[PDB]
file input.cif (mmCIF, C-alpha atoms (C1' of nucleotides))
data_my_file
loop_
_atom_site.label_atom_id
_atom_site.label_comp_id
_atom_site.auth_asym_id
_atom_site.auth_seq_id
_atom_site.Cartn_x
_atom_site.Cartn_y
_atom_site.Cartn_z
CA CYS A 104 63.98 -1.37 32.03
CA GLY A 105 67.78 -1.59 32.20
CA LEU A 106 69.60 -4.05 29.98
CA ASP A 107 71.05 -5.90 32.99
CA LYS A 108 67.61 -7.50 33.34
CA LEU A 109 67.76 -8.74 29.72
CA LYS A 110 71.45 -9.33 28.90
CA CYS A 111 71.87 -13.03 29.56
CA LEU A 112 75.09 -12.73 27.51
CA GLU A 113 78.05 -10.67 28.66
CA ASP A 114 79.60 -8.31 26.13
CA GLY A 115 82.80 -10.40 26.15
CA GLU A 116 81.21 -13.66 24.96
CA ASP A 117 81.96 -14.92 21.46
CA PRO A 118 79.05 -15.95 19.19
CA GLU A 119 80.89 -18.99 17.78
CA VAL A 120 79.93 -21.34 20.64
CA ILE A 121 76.45 -22.39 21.80
CA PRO A 122 75.89 -21.46 25.47
CA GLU A 123 74.91 -24.71 27.17
CA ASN A 124 73.20 -22.87 30.08
CA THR A 125 69.96 -22.38 28.17
CA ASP A 126 66.48 -23.89 27.86
CA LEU A 127 65.82 -22.81 24.26
CA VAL A 128 64.45 -25.30 21.75
CA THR A 129 66.01 -23.13 19.03
CA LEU A 130 69.46 -23.57 20.56
CA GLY A 131 68.78 -27.29 20.92
CA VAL A 132 68.09 -27.56 17.19
CA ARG A 133 71.18 -25.42 16.59
CA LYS A 134 73.24 -27.85 18.68
CA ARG A 135 71.80 -30.72 16.64
CA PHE A 136 72.92 -28.94 13.46
CA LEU A 137 76.40 -28.16 14.79
CA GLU A 138 77.20 -31.53 16.39
CA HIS A 139 77.06 -33.49 13.12
CA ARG A 140 79.38 -30.94 11.43
CA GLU A 141 82.42 -31.31 13.72
CA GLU A 142 84.02 -34.38 12.11
CA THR A 143 87.16 -33.99 10.02
CA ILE A 144 85.10 -34.62 6.88
CA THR A 145 82.43 -32.07 7.90
CA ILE A 146 84.20 -29.34 9.90
CA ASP A 147 84.71 -26.17 7.85
CA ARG A 148 83.90 -22.45 7.80
CA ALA A 149 82.28 -22.49 4.34
CA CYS A 150 79.14 -20.69 3.15
CA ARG A 151 76.00 -21.24 5.21
CA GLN A 152 73.33 -20.89 2.51
CA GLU A 153 74.32 -17.72 0.60
CA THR A 154 77.04 -15.07 0.65
CA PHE A 155 76.03 -12.14 -1.56
CA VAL A 156 73.56 -10.46 0.79
CA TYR A 157 75.86 -9.72 3.73
CA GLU A 158 78.85 -8.93 1.51
CA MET A 159 76.95 -6.16 -0.27
CA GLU A 160 75.22 -5.06 2.95
CA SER A 161 78.33 -4.50 5.07
CA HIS A 162 80.09 -2.94 2.07
CA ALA A 163 77.48 -0.15 2.04
CA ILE A 164 75.33 -0.30 5.20
CA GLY A 165 75.79 2.72 7.45
CA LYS A 166 78.10 4.53 5.02
CA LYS A 167 77.87 8.13 3.82
CA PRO A 168 78.86 9.67 0.47
CA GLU A 169 82.03 11.59 -0.30
CA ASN A 170 80.04 14.26 -2.19
CA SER A 171 77.22 16.48 -0.95
CA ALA A 172 75.17 16.06 -4.15
CA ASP A 173 75.04 12.29 -3.49
CA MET A 174 73.13 12.70 -0.19
CA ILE A 175 69.91 10.75 0.31
CA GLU A 176 67.12 13.11 1.34
CA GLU A 177 65.83 12.57 4.86
CA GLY A 178 62.67 10.49 4.74
CA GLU A 179 63.33 9.46 1.14
CA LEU A 180 61.55 6.32 -0.02
CA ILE A 181 63.71 3.23 -0.61
CA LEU A 182 62.32 0.82 -3.21
CA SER A 183 63.51 -2.78 -3.53
CA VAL A 184 63.25 -4.02 -7.13
CA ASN A 185 64.03 -7.55 -8.33
CA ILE A 186 65.12 -7.93 -11.96
CA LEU A 187 65.06 -11.46 -13.37
CA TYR A 188 67.68 -12.70 -15.81
CA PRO A 189 66.89 -13.71 -19.40
CA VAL A 190 68.26 -17.22 -18.67
CA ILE A 191 65.53 -18.84 -16.59
CA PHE A 192 66.03 -22.37 -15.31
CA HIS A 193 62.83 -23.58 -17.05
CA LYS A 194 63.07 -26.50 -14.61
CA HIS A 195 61.99 -24.94 -11.28
CA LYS A 196 59.20 -22.51 -10.37
CA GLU A 197 59.60 -21.78 -6.64
CA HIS A 198 62.83 -19.76 -6.93
CA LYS A 199 63.84 -17.39 -9.72
CA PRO A 200 67.10 -16.04 -11.19
CA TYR A 201 67.10 -12.37 -10.25
CA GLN A 202 69.18 -9.49 -8.90
CA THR A 203 67.77 -7.00 -6.39
CA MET A 204 68.23 -3.28 -7.08
CA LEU A 205 67.60 -0.53 -4.52
CA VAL A 206 66.33 2.78 -5.92
"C1'" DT B 1 104.55 -17.58 0.58
"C1'" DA B 2 99.07 -15.71 -2.29
"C1'" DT B 3 97.10 -17.84 -5.34
"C1'" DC B 4 95.43 -21.43 -8.40
"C1'" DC B 5 94.40 -26.15 -11.60
"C1'" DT B 6 91.03 -29.68 -11.55
"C1'" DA B 7 93.70 -35.50 -11.43
"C1'" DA B 8 90.01 -37.72 -7.64
"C1'" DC B 9 86.60 -36.46 -4.56
"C1'" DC B 10 82.77 -33.29 -1.54
"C1'" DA B 11 78.65 -29.45 -1.74
"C1'" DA B 12 75.45 -27.45 -4.72
"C1'" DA B 13 73.13 -25.81 -9.44
"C1'" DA B 14 71.50 -27.82 -13.45
"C1'" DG B 15 71.02 -31.61 -16.44
"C1'" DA B 16 69.67 -36.07 -17.06
"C1'" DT B 17 67.43 -41.28 -16.53
"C1'" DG B 18 64.00 -44.77 -15.08
"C1'" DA B 19 59.90 -46.19 -11.80
"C1'" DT B 20 55.79 -44.68 -10.00
"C1'" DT B 21 51.26 -41.74 -9.47
"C1'" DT B 22 47.68 -39.01 -11.33
"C1'" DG B 23 45.29 -36.62 -15.36
"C1'" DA B 24 43.24 -38.28 -19.24
"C1'" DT B 25 41.26 -41.81 -22.76
"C1'" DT B 26 38.05 -45.41 -23.96
"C1'" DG B 27 35.88 -50.62 -24.41
"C1'" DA B 28 31.97 -52.53 -23.24
"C1'" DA B 29 27.57 -52.35 -21.43
"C1'" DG B 30 22.87 -50.05 -18.89
"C1'" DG B 31 20.15 -48.06 -22.47
"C1'" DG B 32 16.78 -47.25 -25.81
"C1'" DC B 33 15.87 -46.17 -30.54
"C1'" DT B 34 14.90 -47.39 -36.31
"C1'" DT B 35 11.37 -48.55 -40.74
"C1'" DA B 36 8.80 -53.05 -42.48
"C1'" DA B 37 4.43 -55.43 -42.22
"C1'" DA B 38 -0.55 -56.37 -39.71
"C1'" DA B 39 -4.25 -55.36 -36.46
"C1'" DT B 40 -8.61 -54.01 -33.73
"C1'" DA B 41 -9.88 -50.42 -30.66
"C1'" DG B 42 -10.62 -46.02 -30.11
"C1'" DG B 43 -10.30 -40.04 -27.69
"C1'" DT B 44 -10.63 -34.70 -29.71
"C1'" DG B 45 -8.34 -30.34 -31.98
"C1'" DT B 46 -7.69 -28.44 -35.44
"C1'" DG B 47 -7.33 -27.16 -39.54
"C1'" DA B 48 -9.42 -26.82 -43.62
"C1'" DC B 49 -13.73 -24.98 -45.36
"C1'" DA B 50 -16.50 -20.93 -46.00
"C1'" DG B 51 -18.19 -16.29 -45.15
"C1'" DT B 52 -18.26 -11.51 -44.30
"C1'" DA B 53 -14.40 -8.10 -42.02
"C1'" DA B 54 -11.56 -4.39 -41.69
"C1'" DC B 55 -8.09 -1.56 -42.59
"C1'" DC B 56 -5.45 0.55 -45.46
"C1'" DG B 57 5.83 25.34 -74.59
"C1'" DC B 58 1.62 27.82 -76.48
"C1'" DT B 59 -3.62 29.50 -77.25
"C1'" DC B 60 -8.93 29.66 -76.09
"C1'" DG B 61 -13.31 29.34 -72.18
"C1'" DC B 62 -15.42 30.48 -67.92
"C1'" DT B 63 -16.22 33.40 -63.82
"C1'" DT B 64 -16.96 37.79 -60.79
"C1'" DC B 65 -17.82 42.78 -58.70
"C1'" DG B 66 -17.86 47.22 -59.49
"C1'" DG B 67 -18.61 52.17 -63.03
"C1'" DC B 68 -21.48 54.16 -65.07
"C1'" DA B 69 -26.59 53.69 -67.16
"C1'" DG B 70 -31.90 53.86 -66.23
#
call {"tool": "encode", "arguments": {"input": "input.cif", "output": "structure tokens"}}
result
Amino acid sequence: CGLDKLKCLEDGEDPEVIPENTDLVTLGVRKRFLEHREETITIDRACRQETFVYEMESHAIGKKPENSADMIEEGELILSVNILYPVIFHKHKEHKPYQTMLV
DNA sequence: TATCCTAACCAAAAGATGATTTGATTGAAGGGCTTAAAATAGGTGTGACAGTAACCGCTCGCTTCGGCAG
């Protein structure tokens, strides 16, 4: 069960380029997405679809507190709560204006 | 420079503008009436009739069962 049997990618390979030596339909669709975004009018490193989630994940994921009293108990429940804003679009119903709080 | 404004333009939220599709309304017609009359021909149930029926504060008079009489 060693990883040499599974690691088609070497540890020194960047994720910014699609490996052409693949048979994946997913990577084919990814190539279709990337090819039409390489022109001077379309090439950029802007937001993909959203930014907030990773920014507030990496800012806190895997970190530990500076005080002992602020320690999460082992096995403590983590609850994800979405709080909607008072200013609703009142034009769309699929998506909502909300902020997600972890308690 | 690190960073920004926001003229003119690109990506996305929202904010809006007219053409088209679907939920909803209805105009007209199938239909099935009305009393008004005049008429012969009719069937019986039923609803009066009638009957029994039943159910639903003070002061006198009168009486008895023993304690001596005979």
call {"tool": "resolve_selection", "arguments": {"input": "input.cif", "expression": "the PyMOL selection byres ((chain B) within 12 of (chain A))", "output": "PyMOL selection string"}}
result
chain B and resi 9-16
call {"tool": "resolve_selection", "arguments": {"input": "input.cif", "expression": "the PyMOL selection byres ((chain A and resi 167-183) around 8)", "output": "PDB file with C-alpha atoms, keeping the file's coordinate frame"}}
result
ATOM      1  CA  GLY A 165      75.790   2.720   7.450  1.00  0.00           C
ATOM      2  CA  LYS A 166      78.100   4.530   5.020  1.00  0.00           C
ATOM      3  CA  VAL A 184      63.250  -4.020  -7.130  1.00  0.00           C
ATOM      4  CA  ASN A 185      64.030  -7.550  -8.330  1.00  0.00           C
ATOM      5  CA  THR A 203      67.770  -7.000  -6.390  1.00  0.00           C
ATOM      6  CA  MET A 204      68.230  -3.280  -7.080  1.00  0.00           C
ATOM      7  CA  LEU A 205      67.600  -0.530  -4.520  1.00  0.00           C
ATOM      8  CA  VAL A 206      66.330   2.780  -5.920  1.00  0.00           C
TER       9      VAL A 206
END
call {"tool": "atom_distance", "arguments": {"input": "input.cif", "atom1": "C1' of residue 8 in chain B", "atom2": "CA of residue 143 in chain A"}}
result
18.3 Å
